[PDB]
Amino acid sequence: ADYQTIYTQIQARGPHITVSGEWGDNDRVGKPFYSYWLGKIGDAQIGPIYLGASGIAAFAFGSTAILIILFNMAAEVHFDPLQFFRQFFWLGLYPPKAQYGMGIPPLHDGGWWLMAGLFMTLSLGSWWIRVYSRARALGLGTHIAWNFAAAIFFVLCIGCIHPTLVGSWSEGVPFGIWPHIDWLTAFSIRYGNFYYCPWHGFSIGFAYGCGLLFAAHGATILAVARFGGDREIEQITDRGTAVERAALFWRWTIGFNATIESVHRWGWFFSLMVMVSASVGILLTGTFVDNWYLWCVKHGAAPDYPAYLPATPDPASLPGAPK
């Protein structure tokens, strides 16, 4: 067995490397320190880190959103420290409970939520600039930023775009551990079972697909680590036996294969589509589809089953039944 694929038997140490960017080199702060155990399964070096306006701004806007949420959560437990710690997961900052349409809700019923959302959004946008600019500074393509943009877009879809499309802030995702989880069921229920939303299915296929692909790709590279398969950049510009074998393993297994470069395009694409598919699903929900299950019944796709216990007529429709 190749023990190197499990962990690094013999670790190496040398002067830290610094690749100059078109700008921001003076914004790197800290002194690189090393961790022997981390070096078993990764690079032993930690830091330094790049600061910069984008990153700083991101933390400023983000910290504000977090403080708005934490303060409102603290209010839920009347500012009691012990109960705050205990009930943390159950605490949250909620969107308006009453129907005000698109009207700015009062602070006690949606107002603070809307404020936190605004600051989180600014935070995400600022961090995106960092993700984008750092790439350009180091002379790299902007593939990561475009993938990150799709993730941000999906958050905007469930956070404010869908709400704006149906005309109600009450539809937004609340901030909180359990509370943001509860929203999932409330939303699925309101829209006739999300299992019947095709885009929910697409998003899952791509998410499960990412699981399949990273397990497959990760395992493939480890399987050819003895041939330096991990040095993907030069395997791309100058094909080595590592990727010829990787390609043949798959070609002989499934009948077709990729290249060391294209497999990363498949992975990037599958990851992107998790967010793109989810966003399309959310944009269509409430806007053009009210009950996904019934939509599937209408188009003849929904499975039907015999009754086990007796079929049960809606009592409300029976003769003489009350309201």
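Each residue number is its position in the shown sequence, starting from 1.
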(message) Which is higher on mean Cα B factor in this entry, 214-222 or 131-139?
(response) 131-139
(request) For the higher mean C-alpha B factor in the entry, choose 186-194 or 152-160. (result) 152-160
(message) According to the Cα B-factor stored in this entry, which of the following is highest: 281, 42, 267, 286?
(response) 42
(request) Can you pull the Cα B-factors for 244, 109, 171, 234 from the entry and say which is highest? (result) 109
(message) Quick check for you: using the entry's CA B-factors within this chain, is residue 200 in the lowest, middle or highest third?
(response) lowest
(request) Would you mind checking where the Cα B-factor of residue 83 ranks among the modelled residues of its chain, as the lowest, middle or highest third? (result) highest
(request) Check where residue 71 lands among this chain's C-alpha B-factors and tell me if it's the lowest, middle or highest third. (result) highest
(request) Check where residue 102 lands among this chain's C-alpha B-factors and tell me if it's the lowest, middle or highest third. (result) highest
(request) Sorting the chain's modelled residues by C-alpha B-factor, tell me whether residue 252 ends up in the lowest, middle or highest third. (result) lowest
